[PDB]
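Here's the structure, in structure tokens; my notes come after.
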Amino acid sequence: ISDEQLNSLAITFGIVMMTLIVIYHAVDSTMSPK
Amino acid sequence: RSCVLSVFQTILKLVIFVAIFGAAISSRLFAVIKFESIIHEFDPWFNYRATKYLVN
Amino acid sequence: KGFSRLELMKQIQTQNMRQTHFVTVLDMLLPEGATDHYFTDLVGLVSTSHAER
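Protein chains in written order, with our numbering: chain R, 65 to 98; chain B, 964 to 1019; chain E, 6 to 58.
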């Protein structure tokens, strides 16, 4: 496996893990007491 | 309402841990798929010499 | 007398024969369609090897 595909797999897992945090914290901020 | 929101929190946390257990694994591996897979430096070649004694 | 490197560099520099008595390459013959070759070793993985037909 060339590390260009490993590079795209690395940033892809970074963005997919890093976007869902914000919608988790938005649901948990809007519809919860604290 | 409480069951719906609680199930949503649980499933979303499971998908979070499946992603963030994978981003680390994929970030460490440039020196293994670039080259062969061998122990790297001066100090980690005693430890490998001792856990190969215990193991047989 | 020993093993001198630069005299072997002088052999490699001016080459006219295959009449020498040490082995440098060797090639095994394979079955017809062979797919995923590798040439490892006892200390690692030697990386100077390429296939033919």
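Each residue gets a CB set at the ideal place from its N, CA and C atoms; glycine is no exception.
DSSP on residue i, reduced to helix/strand/coil?
i, result
"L35 (chain E)", "coil"
"residue 912 (chain B)", "A query on residue 912 (chain B) cannot be resolved here, the shown segment of chain B reaching from 964 to 1019 and no further."
"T45 (chain E)", "strand"
"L50 (chain E)", "strand"
"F993 (chain B)", "helix"
"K98 (chain R)", "coil"
"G7 (chain E)", "coil"
"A56 (chain E)", "coil"
"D92 (chain R)", "helix"
"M82 (chain R)", "helix"
"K15 (chain E)", "helix"
"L977 (chain B)", "helix"
"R1012 (chain B)", "helix"
"residue 924 (chain B)", "Since the first residue of chain B shown is 964 and the last is 1019, residue 924 (chain B) is not available in this structure."
Please report the distance separating the alpha-carbon of residue i from that of residue j.
i, j, result
"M82 (chain R)", "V967 (chain B)", "24 Å"
"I988 (chain B)", "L975 (chain B)", "21 Å"
"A74 (chain R)", "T25 (chain E)", "52 Å"
"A1013 (chain B)", "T45 (chain E)", "24 Å"
"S969 (chain B)", "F984 (chain B)", "23 Å"
"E68 (chain R)", "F77 (chain R)", "14 Å"
"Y43 (chain E)", "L50 (chain E)", "8 Å"
"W1008 (chain B)", "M95 (chain R)", "54 Å"
"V48 (chain E)", "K98 (chain R)", "59 Å"
"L84 (chain R)", "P36 (chain E)", "52 Å"
"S965 (chain B)", "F993 (chain B)", "45 Å"
"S93 (chain R)", "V978 (chain B)", "19 Å"
"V86 (chain R)", "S990 (chain B)", "22 Å"
Please confirm whether residue i has its beta-carbon closer than 8 Å to some beta-carbon of chain A.
i, result
"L50 (chain E)", "Any reference to chain A falls outside this structure, whose protein chains are R, B and E."
Tell me whether residue i, by its Cβ, gets closer than 7 Å to a heavy atom of the ligand ADP.
i, result
"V80 (chain R)", "Absence of the ligand ADP from the depicted structure is noted, as is the absence of any ligand whatsoever, leaving it without description."
From this set, the options, which residue's C-alpha is nearest residue i's C-alpha?
i, options, result
"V91 (chain R)", "B:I983, B:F971 and B:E1004", "B:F971"
"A39 (chain E)", "E:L47, E:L13, E:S9 and E:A56", "E:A56"
"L34 (chain E)", "E:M14, E:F8 and E:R58", "E:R58"
Since residue i and residue j should fall inside the 8 Å C-beta cutoff, what is the C-beta to C-beta distance between them, to a whole number of angstroms?
i, j, result
"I1001 (chain B)", "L70 (chain R)", "With a Cβ gap of about 19 Å, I1001 (chain B) and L70 (chain R) do not count as contacting."
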